[PDB]
Amino acid sequence: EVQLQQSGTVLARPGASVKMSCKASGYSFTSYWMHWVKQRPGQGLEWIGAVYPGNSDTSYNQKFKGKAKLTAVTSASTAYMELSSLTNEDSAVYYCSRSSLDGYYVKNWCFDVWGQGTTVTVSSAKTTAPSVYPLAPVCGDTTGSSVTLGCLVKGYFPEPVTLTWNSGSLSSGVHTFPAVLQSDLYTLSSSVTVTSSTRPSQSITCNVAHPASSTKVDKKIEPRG
Amino acid sequence: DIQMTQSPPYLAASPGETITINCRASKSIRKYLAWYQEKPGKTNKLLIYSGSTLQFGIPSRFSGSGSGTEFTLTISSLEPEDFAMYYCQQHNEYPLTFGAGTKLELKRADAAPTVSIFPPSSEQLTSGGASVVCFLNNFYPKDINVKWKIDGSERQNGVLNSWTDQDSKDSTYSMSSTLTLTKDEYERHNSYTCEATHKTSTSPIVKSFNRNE
Amino acid sequence: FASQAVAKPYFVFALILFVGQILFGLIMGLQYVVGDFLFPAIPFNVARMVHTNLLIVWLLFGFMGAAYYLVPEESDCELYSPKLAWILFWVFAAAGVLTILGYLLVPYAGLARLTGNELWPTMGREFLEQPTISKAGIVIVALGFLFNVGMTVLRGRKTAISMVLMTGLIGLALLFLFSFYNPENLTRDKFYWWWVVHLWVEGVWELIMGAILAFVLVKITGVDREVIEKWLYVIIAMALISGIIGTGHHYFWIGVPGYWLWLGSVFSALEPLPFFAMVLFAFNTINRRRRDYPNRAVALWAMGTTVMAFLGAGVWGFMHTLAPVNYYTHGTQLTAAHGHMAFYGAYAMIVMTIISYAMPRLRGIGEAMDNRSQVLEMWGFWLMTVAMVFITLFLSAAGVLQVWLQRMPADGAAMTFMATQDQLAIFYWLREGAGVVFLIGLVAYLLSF
Amino acid sequence: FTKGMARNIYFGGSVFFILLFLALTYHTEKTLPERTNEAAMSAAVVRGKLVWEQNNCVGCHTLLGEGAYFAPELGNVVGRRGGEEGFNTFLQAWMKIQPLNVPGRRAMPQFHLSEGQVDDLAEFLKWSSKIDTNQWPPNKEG
Ligand code: HEC
Ligand code: HEM
Ligand code: HEM
Ligand SMILES: CCCCCCCCCCS[C@@H]1O[C@H](CO)[C@@H](O[C@H]2O[C@H](CO)[C@@H](O)[C@H](O)[C@H]2O)[C@H](O)[C@H]1O
Ligand SMILES: CCCCCCCCCCS[C@@H]1O[C@H](CO)[C@@H](O[C@H]2O[C@H](CO)[C@@H](O)[C@H](O)[C@H]2O)[C@H](O)[C@H]1O
Ligand SMILES: [Ca+2]
Ligand SMILES: [Fe+3]
């Protein structure tokens, strides 16, 4: 089976450099162009360049000549991309992918296997644990057949956070939203809808883990008074 | 460089139907146009190359055609696993370039958002900040408008929204809208209102509260 | 003798076909590096079957030419039938041009249907791509020709030269009969396929070459017929003692038992000996020429033939004939390098040698051509021959890199067929350029008439 | 050392080795059923051999390392293209999609084969791939 394994998320400061890898397996590594492609959120795929491991030749999009350096190491069947003098615009997912056709002269072709992508996040921010706030419904305003609760997670860096409700046993009727940047810090929220004879008679707790600062916090939702 | 333009950017459709999507190049790319499928949690999958050649193992319900400047992709009878993002890429010249995508979404019956508003928690207040959160959950279709009002006046600044993708279980969308104020500014006003406008009603869904009680 | 003139249409036709063969080589050589050249009009395999069938047909014509010229002279009488020589010439020439047209004008499978190949499937094997009817036509021509030359030997003076020629000629036509045998089992098919290709080119064709060389040395050298004929027997003895079990060097990997690994390698290790003997033969008996000869090109052609045959067949053959090496090199550009030099050095060269002796005196010009014509012939000899060494070296270098990239490393580390070929591009351009110098040489050779 | 001696050596040597060779050929013949797994040599494989022949695949490809050197070794292709289970399906797509039309690339023709013929082809190449070949080729690339 032809497979491409990419390295994990890297975080860097503006003006620094990062280097990521792509491990090929299941085919003749030296016989196929390995391409690299950039995807910024909501922005469309861009071809950075390619390396041909059978002779070390490389080819670069003119927009990336300054930015990217591509290499390959034959014995390990692994290709590398180094990105230098980093900027906010280099925050993206970066994919490697294999030409569907073997040989040197098929430089410009389509690709049949892609890696899963490596996230690069370029930021000046410092590692910061989130603040977690319980969201109880509006004071006394209890009426309908179901009740919605929430949990706000505010001011953390870097991604990600994992949020569960009652340690994961409460899982249906949950919406957890993608995080957004507020200045240099991330905020997200999650809602849970449950029937009204469930709460506040039964306990509902928001659990938030931030592996990057080794924090785990529980926030019980309490009716307002 | 050849620019590629895909239309439409979004297309809603149902299982069993046929759709066809478009790809345009800014100059001739002869017959060399490939297509990929993108799905969450999976690597990108080559579907078609050279305009109309099916990639090995791709079901015959996919086909494509075109040459020069204008190309299409057709799926003959949509299957549940076909709702996904689709990208085209020319493979005629250096540098390779890609269109930005058509997202094929699962159509379901229209549903009005369920709307809830949450005052700042007291824990947040003791620390200086005041975030008022509004959830708009399980609505269809995706177009929706949120308006904050403070004492009957429209507030634009300090508002952050975030939107889920189409739920792969009930096919709806959800959104949160958070208005972040200083505790001080929060305390200057009494009446906080979240209003959702959605095609399921000519009239807004309005949820609000008075800072007092 | 007057009926020796029938040799002429054969040599002329052979030279025309030789030109066609080169043009088609040049087409394939470009296809190697511009892979869609002339596609889909003349795909590579179509250009290839034309190149390789024109090689065999032109040599066959040369052989008949050679037999028509020397057999009357050996037998001390007129040829059995000048008019039969002429009917056969037209039938063979017409059948050859028709089948080439077949290949070029109708897609192969359509040609198969059309000639009713499914009744008796002989088509689509290497070197044997001709329709079954077209093969049948070639047998009938061979039978005609054998009767003609054979009747001449019967009523006539028997000599060892003529009798070794007739033996090779008969064995050639008999072995061709295996091309009607197309077993349903792949291994069995390959096994008997080599009874045509190998037992021709390292067997019965060696008798034909040696006998042509022997006759040319009798005529040019004035050395004693007796001593010449003794060596001729030594040479063909070594050819068959080495070469019959030597067929086993084609039996390494086709699916027959591993004893062939031993038998094939040990006996084929000796197949250089008769080419080496032919070199000692021609050098020694030209050094001892009791007389001088007006045509100094024939002598060059004769020494040239034996050296190139020894390089192409003996040296390049030996290089890959041992199983532990052949394991890596089988079906590689190294094979094509050996095949070119061996076919050219032994067989194209001996045909041009007999032509060089016989042409002036078939045209009734004398023993030799004038001095301007003789420098051209020599120029064409050196151009063709040097080009062919370069063709061989370039393909050998390509073969070495191919084996290094594709064949020696393990799975994962070995390069794929198509990627390797791109790495070989440079050697292929050079081969193509060498191929151009060769055609120029062939033009120079032809303008010497 | 005479002409006569040389001629007798030529005679004796040819006859002896001619007889040795036929003896070896007889023996080899008896081993083929096992080496080639002839039990499996089905009607499908034998029709596949005809397809191979009629379209002159060998005019561009090698099989067990014999034929032309323009295109890959097809004796073990089944190992580079989906194996036992998926090779027939691969071959159907492969024959349909030709020529690939990559500029400057070695091109393979469209043969307009029926699906029966391509399936016979696949069985033939699958079966070929299993001949005891004394471990030839060196690796999966042929
Ligand atoms: C030359 C005009 C060819 C003829 C006749 C046949 N094939 Fe071929 N084939 C050819 C080339 C140049 C290539 C490489 C294609 C590429 O772009 O990579 C091929 C390839 C194949 C393959 C795939 C081999 C691999 O290792 O992946 C197969 C299975 C194949 N060809 C089969 C095949 C058959 C069955 C043929 C006779 C009907 C045949 N080919 C003829 C060139 C040519
Ligand atoms: C004039 C005599 C010969 C001619 C015309 C000749 C020609 C050829 C040709 C054309 C091929 C490729 C055949 C094919 O298509 O598979 C070939 C293969 C080969 N020849 Fe010869 N040859 C001759 C003499 C010899 C000699 C004397 C030897 C031994 C020293 C030899 C050893 C080989 C071997 C081992 C192969 C197999 C290569 C492989 O497995 O790829 N040849 N020869
Ligand atoms: C311009 C000169 C030549 C060119 C460019 C040329 C090219 C070629 C090519 C490209 C092939 C096919 C190899 C393949 O299957 O991939 C071939 C086959 C062949 N040619 Fe030539 N050729 C030329 C001259 C000659 C001459 C003079 C001879 C007489 C020896 C010759 C004999 C052969 C033989 C015997 C084969 C089949 C070889 C094999 O199957 O192993 N060619 N030629
Ligand atoms: C004058 C010398 C004459 C020797 C005649 C007898 C030769 C028998 C030797 C075996 S022939 C052939 O050689 C191969 C090794 O070269 C042997 O390959 C071995 O190793 C390979 C990689 O190194 C590996 O791919 C094979 O699977 C492994 O079997 C091969 O089996 C053998 O048949
Ligand atoms: C003019 C002559 C043309 C050049 C061709 C001659 C080359 C033949 C001699 C082959 S030496 C042979 O090389 C083989 C490949 O390196 C080697 O195979 C080995 O290592 C392999 C990994 O590379 C692996 O398959 C096996 O573990 C092992 O068998 C082997 O060491 C060596 O005998
Ligand atoms: Ca061959
Ligand atoms: Fe041989």
Side-chain angles (χ1 to χ4, degrees), chain C residues 17-33 44-45 47-56 58-59 125-128 190 193-203 205-206 239 242-252 264 267-268 271 308-309 312-313 317-318 320-321 326 330-349 351-352 384-385 387-388 390-392 394-395 398-399 402 421 424 428-442, chain D residues 58-71 106:
Chain C
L17 296 184
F18 191 11
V19 176
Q21 181 218 168
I22 305 309
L23 304 184
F24 280 86
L26 284 164
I27 282 169
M28 287 191 293
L30 219 218
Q31 290 172 337
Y32 262 48
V33 289
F44 175 91
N45 73 127
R48 190 203 207 260
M49 64 181 81
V50 172
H51 178 76
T52 65
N53 292 32
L54 290 174
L55 193 235
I56 295 148
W58 98 248
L59 296 163
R125 294 157 89 197
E126 187 169 23
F127 309 142
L128 301 179
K190 300 177 176 295
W193 185 87
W194 287 106
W195 282 34
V196 183
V197 174
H198 172 107
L199 295 177
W200 268 11
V201 128
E202 298 139 276
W205 282 36
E206 287 196 36
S242 68
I244 289 169
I245 309 303
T247 319
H249 70 184
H250 308 294
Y251 291 165
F252 298 161
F267 282 75
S268 72
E271 285 186 38
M308 289 296 298
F318 184 82
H320 65 183
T321 209
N326 190 264
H330 175 63
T332 250
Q333 287 305 310
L334 211 231
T335 307
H338 155 75
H340 274 79
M341 201 182 224
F343 251 115
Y344 171 80
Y347 301 121
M349 291 192 81
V351 171
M352 288 166 81
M384 292 177 114
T385 298
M388 189 49 85
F390 275 96
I391 281 168
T392 301
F394 290 139
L395 260 31
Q402 176 177 193
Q421 297 289 134
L424 272 30
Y428 293 147
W429 285 109
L430 295 163
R431 183 266 302 274
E432 190 67 351
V436 167
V437 177
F438 193 96
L439 208 213
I440 292 181
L442 199 252
Chain D
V58 82
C60 287
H61 290 276
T62 46
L63 219 201
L64 307 206
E66 307 176 333
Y69 317 119
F70 183 66
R106 288 194 194 170

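The figures that follow rest on heavy atoms only: side chains count, while hydrogens, waters and symmetry mates do not. Chain A is the first sequence line, chain B the second, and so forth, proteins listed ahead of strands; every chain is numbered from 1. Ligands are counted one by one from 1 in listed order, and the atoms in each one are counted from 1 as well.
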> Are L424(C) and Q402(C) close enough, and set up right, to give a side-chain contact (heavy atoms from CB on, under 4.5 Å), and what steps lead you there?
Replying inline: CA-CA 7 Å; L424(C) 272 30; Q402(C) 176 177 193; 3.9 Å; yes
Any heavy atom of [X] closer to ligand 3 than 4.0 angstrom?
| X | result |
| --- | --- |
| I22(C) | yes |
| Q31(C) | no |
| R431(C) | yes |
| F127(C) | yes |

> Are more than 12 heavy atoms from other residues, nucleotides or ligands located less than 6.0 Å from atom CZ of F390(C)?
Replying inline: no
> Near the Ca ion (ligand 6), which protein N/O/S atoms fall under 3.0 Å?
Replying inline: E126(C) OE1, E126(C) OE2, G67(D) O, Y69(D) OH
> How does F44(C) reach ligand 3, if at all, at less than 4.0 Å between non-hydrogen atoms: by side chain, backbone, both, or neither?
Replying inline: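 Side chain only.
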> So which bit of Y69(D) gets within less than 4.0 Å of ligand 3, heavy atoms only: side chain, backbone, both or neither?
Replying inline: both
Please tell me whether [X] and [Y] have a donor and an acceptor in their side chains that are separated by less than 3.5 angstrom.
| X | Y | value |
| --- | --- | --- |
| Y344(C) | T392(C) | no |
| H198(C) | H249(C) | yes |
| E432(C) | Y32(C) | no |
| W194(C) | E66(D) | yes |

> Checking only N/O/S atoms, does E202(C) have one that is under 2.8 Å from the Fe ion (ligand 7)?
Replying inline: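 Yes - counting backbone and side chain alike, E202(C) has an N, O or S atom under 2.8 Å.
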Going by heavy atoms in the side chains, are [X] and [Y] under 4.5 Å from each other?
| X | Y | answer |
| --- | --- | --- |
| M388(C) | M384(C) | no |
| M49(C) | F127(C) | no |
| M28(C) | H51(C) | yes |
| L26(C) | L30(C) | no |
| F267(C) | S242(C) | no |

> Of all the non-hydrogen atoms in the protein, which one sits nearest to atom 38 (C) of ligand 3, and at what distance?
Replying inline: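 Going by distance alone, atom 38 (C) of ligand 3 is nearest to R48(C) NH2, 3.9 Å.
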> Starting from atom 14 (C) of ligand 3, which protein heavy atom do you reach first, and at what distance in Å?
Replying inline: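 Going atom by atom, the protein heavy atom closest to atom 14 (C) of ligand 3 ends up being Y32(C) OH, 3.2 Å.
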>> For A336(C), is there any backbone N or O sitting under 3.5 Å from a side-chain donor or acceptor partner on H340(C)?
In response: yes
>> Check whether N326(C) reaches the backbone of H320(C) with its side chain - one donor and one acceptor, N or O, closer than 3.5 Å.
In response: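 Yes, the answer is positive, given that a donor and an acceptor are paired below the 3.5 Å cut-off.
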Pull out every atom of ligand 3 sitting under 4.0 Å from any heavy atom of [X], numbered as shown with elements.
| X | result |
| --- | --- |
| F70(D) | 16 (O) |
| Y344(C) | 30 (C) |
| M388(C) | 26 (C), 27 (C) |
| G435(C) | 1 (C) |
| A68(D) | 15 (O) |

> With sequence neighbours left out, what residues match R431(C) under salt bridge (charged side-chain N to carboxylate O under 4.0 Å, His left out)?
Replying inline: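 If we apply the salt bridge (charged side-chain N to carboxylate O under 4.0 Å, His left out) test to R431(C), skipping adjacent residues, there are no hits.
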> Which protein N, O or S atoms lie under 2.8 Å from atom 21 (Fe) of ligand 3, given by chain and residue number?
Replying inline: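 Metal shell, protein only: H51(C) NE2, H340(C) NE2.
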> At what distance, to the nearest 0.5 angstrom, does CZ of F70(D) lie from CZ of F44(C)?
Replying inline: 6.0 Å
> Angle class for the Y347(C)/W205(C) ring planes (parallel below 30°, perpendicular above 60°, tilted otherwise)?
Replying inline: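 Rings of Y347(C) and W205(C): perpendicular, as their planes differ by over 60°.
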> Excluding sequence neighbours, so at least two apart, what forms side-chain hydrogen bond (donor to acceptor under 3.5 Å, both in side chains) with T335(C)?
Replying inline: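 Applying side-chain hydrogen bond (donor to acceptor under 3.5 Å, both in side chains) to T335(C) gives none.
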Contact check: [X] vs ligand 3, nitrogen or oxygen atoms, below 3.5 angstrom:
| X | answer |
| --- | --- |
| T335(C) | no |
| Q333(C) | no |
| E126(C) | yes |

> Do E126(C) and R48(C) sit within salt-bridge range, that is, some charged N less than 4.0 Å from a carboxylate O?
Replying inline: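 Result for this pair is yes, salt bridge flagged.
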>> Looking only at N, O or S atoms in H198(C), which is nearest to the Fe ion (ligand 7)?
In response: ND1
